[PDB]
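Observations on chain architecture
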There are 2 protein chains.
Amino acid sequence: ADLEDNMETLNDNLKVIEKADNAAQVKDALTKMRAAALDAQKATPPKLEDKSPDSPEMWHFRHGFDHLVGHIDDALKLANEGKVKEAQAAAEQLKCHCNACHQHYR
Amino acid sequence: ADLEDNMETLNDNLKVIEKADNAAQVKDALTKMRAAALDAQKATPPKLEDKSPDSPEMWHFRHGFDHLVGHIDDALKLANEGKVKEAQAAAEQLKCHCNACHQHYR
Ligand code: HEC
Ligand code: HEC
Ligand code: NI
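What counts as what
- Residues numbered from 1 in each chain as written, not as in the entry; some residues may be left out.
- Chains lettered and ligands numbered in written order.
- Heavy atoms only, no water.
- Residues with missing side-chain atoms left out of burial classes, pairs and counts.
- Donors = N, O, S within 2.8 Å, 3.2 Å for Na, K, Ca; no water.
- Tetrahedral: all angles 85-135°; square planar, octahedral: opposite > 155°, others 65-115°.
- Helix = DSSP H or I, 4+ residues; strand = E, 2+ residues; numbered from the N terminus.
- Near = heavy atom within 4 Å.
- Polar contact = N/O pair within 3.5 Å; in protein donor to acceptor, adjacent residues only side chain to side chain.
- Buried < 20%, exposed > 50% of the residue type's maximum accessible area, 1.4 Å probe, protein only.
- Nonpolar A, V, L, I, M, F, W, Y, C, P; charged D, E, K, R; others polar.
- UniProt positions renumbered as here; feature names shortened; annotations may be inferred.
- Contact = heavy atoms within 4.5 Å.
- Disulfide = S-S within 2.5 Å.

Its PDB record attributes the structure to X-ray crystallography, giving the resolution as 1.80 Å.

Let's shift gears to the coordination of the iron atom of ligand 1. Residues and elements named next belong to chain A. Bound to the iron atom of ligand 1 on the protein side are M7 (SD) and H102 (NE2), at distances that span 2.2 to 2.4 Å. One can describe the site at the iron atom of ligand 1 as octahedral: its six donor atoms subtend angles covering 86 to 179° at the metal. Taken together, the residues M7 in helix α1 (residues 3-18) and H102 in helix α5 (residues 94-105) connect sequence positions 95 residues apart.

Let us look at the site of ligand 2. Residues and elements named next belong to chain B. Lining the immediate environment of ligand 2, one finds 16 residues, of which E4, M7, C98, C101 and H102 sit closest. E4 has a polar side-chain atom sitting 3.1 Å from an oxygen atom of ligand 2. Of all elements in the fold, only α1 (3-19), α3 (56-80) and α5 (94-105) reach the threshold of two or more residues within the shell around ligand 2.

Turning our attention to the side chain of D73(A). Residues and elements named next belong to chain A. Its place among the elements puts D73 in helix α3 (residues 56-80). Assessed through its relative accessible area of 18%, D73 is described here as buried. In this structure the side chain of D73 is engaged in a polar contact, spanning 2.7 Å, whose partner is the side chain of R34.

Let's shift gears to the coordination of the nickel ion (ligand 3). Protein-derived coordination of the nickel ion (ligand 3) comes from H67(A) (NE2), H71(A) (NE2), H67(B) (NE2) and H71(B) (NE2), at a distance range of 2.1 Å. Note that the nickel ion (ligand 3) binds four donor atoms; their angles at the metal cover 87 to 177°, and the shape is square planar. Of the two residues, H71(A) sits in helix α3 while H67(B) sits in helix α3, which places them in two different chains. Like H71(A), the residue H67(B) is buried in the burial classification.

Time to look at the site of ligand 1. All names here are of chain A. Taken together, 16 residues sit near ligand 1, with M7, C98, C101, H102 and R106 positioned nearest. One of the side-chain nitrogen or oxygen atoms of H102 is found 2.9 Å away from a nitrogen atom of ligand 1. Elements with a contribution of two residues or more to the shell around ligand 1: α1, α3 and α5. Among the elements that make up the shell around ligand 1, the one with the highest residue count is α1 (five residues). Here the residues of the shell around ligand 1 are counted per class, giving eleven nonpolar, three polar and two charged.

A few words on the UniProt feature "binding site: heme b" in chain A. All names here are of chain A. The UniProt entry lists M7 and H102 under the feature "binding site: heme b", expressed in the numbering used here. A maximum C-alpha distance of 11.0 Å is found for the annotated residues, which run over 96 residues; spatially they form one tight group. The residues contacting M7, other than those within four sequence positions of it, are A40 and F65.

Take the state of the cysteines next. If you walk through the whole model with that rule in mind, you get one disulfide over all chains. Paired by a disulfide, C96(A) and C96(B) hold their sulfur atoms 2.0 Å apart. Its S-S torsion of approximately -85° makes the covalent link between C96(A) and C96(B) left-handed. One end of the pair, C96(A), is in helix α5; the other, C96(B), is in helix α5, on a second chain. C96(A) gets classed as buried once you look at its relative accessible area, which sits at 9%.

Dropping the structure here:
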């Protein structure tokens, strides 16, 4: 899917995690976030269209998703050990990373 | 140093990074910040003084500094590599993580 679709998937599953009742629910939402981040990592954002595909700004954009995926993996590790509160807390650590990419590339 | 002093160091050295013009200064301030964060991690904050150190909240508090330290290291790598503007921008994005912890425990 394209970038706005994947961002909607990111945003909607954050709320699913916030309201989750067990760690397996958090797990399911996080795996869907993980796939959406990796799919978005293949897009070219508008504010970098007129830029070389190999530009350092393109690689910083792509590495922003690598960082986010690492944090999603960190939260998945807690969710798969049944720690619903702790994986929920880890998922809200994502929000600042969301905003840091937006500040430069949205 | 006590918790409040370490916060003073983090707050004042963020502004030092803002006004610096060369990597040597950025490195110096990021280094003071990194030690202050690791020192603050060992404290018990007043809004948690009647919890136990193994309480979730006390572990969430600790984990916030682990995460902040890693992002300081990322900015130190940029200033060791001599990219002053990028390191200054990485340091500005620390504020979101400051605020996230503050909204819970400040
Ligand atoms: C870069 C590394 C990003 C990260 C990490 C996240 N997002 Fe993002 N987001 C990014 C761009 C470039 C854009 C604009 C894309 C465009 O073509 O307009 C966005 C946009 C959003 C939006 C608005 C959706 C829309 O239809 O325009 C939302 C709601 C959004 N992003 C949410 C979001 C969340 C919750 C993130 C982390 C969990 C996140 N984004 C990360 C780039 C990047
Ligand atoms: C938790 C993981 C925190 C992180 C990360 C940061 N801060 Fe912090 N801050 C925290 C607490 C619990 C408190 C209250 C301490 C107390 O004893 O009252 C604070 C306080 C501050 C203050 C005000 C200090 C004072 O005047 O008493 C400042 C200016 C401040 N913090 C700055 C700051 C900055 C710039 C941070 C990121 C670089 C940062 N803090 C991170 C908890 C946490
Ligand atoms: Ni991070």
